[PDB]
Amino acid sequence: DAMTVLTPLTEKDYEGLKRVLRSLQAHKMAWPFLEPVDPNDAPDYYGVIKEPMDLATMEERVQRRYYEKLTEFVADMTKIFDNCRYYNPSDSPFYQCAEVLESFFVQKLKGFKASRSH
């Protein structure tokens, strides 16, 4: 979509970004992405993931208006999952929780790209 790349993010938009973000935080499968990875559960995590991400941190950025474009937002989200699938094994819960939450996200994202324009 044109507008996703090009049309910048208004106060209205950011309002509905917080709305989507909260939906993720209340999701049943979000339990592994609400906060940052603990370096004690996994030394080498921050050493082998170049750009880690969580919803705790995406909440900061949505409240600090970090994202000039809907594009910078959908990147940082997809980090959460691409990073989770990369570091964990295909048969782990952490992986499954990411596959589920990403599908959900896309739906909650599809509704936001639609409600922007018409």
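Note that the rigid core is defined as the largest set of C-alphas that superpose within 1.5 Å between two forms. Note that residue numbering begins at 1 and tracks the sequence as displayed.
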Can you check whether 74-82 or 35-43 lies farther from the displayed model in 9 other deposited structures of this protein, averaging C-alpha distances as RMS after superposing on the core? 35-43
Mean Cα B factor from the PDB record: higher for 95-103, or higher for 7-15? 7-15
So which stretch wins on mean C-alpha B-factor, 34-42 or 63-71? 63-71
Modelled-residue ranking by C-alpha temperature factor, third containing residue 83: middle
Among the modelled residues of its chain, does the C-alpha B-factor of residue 108 lie in the lowest, middle or highest third? middle
Record-listed C-alpha B factor of residue 76: chain third: lowest
Pull the Cα B-factor of residue 29 out of the PDB entry and bin it into the chain's lowest, middle or highest third. highest
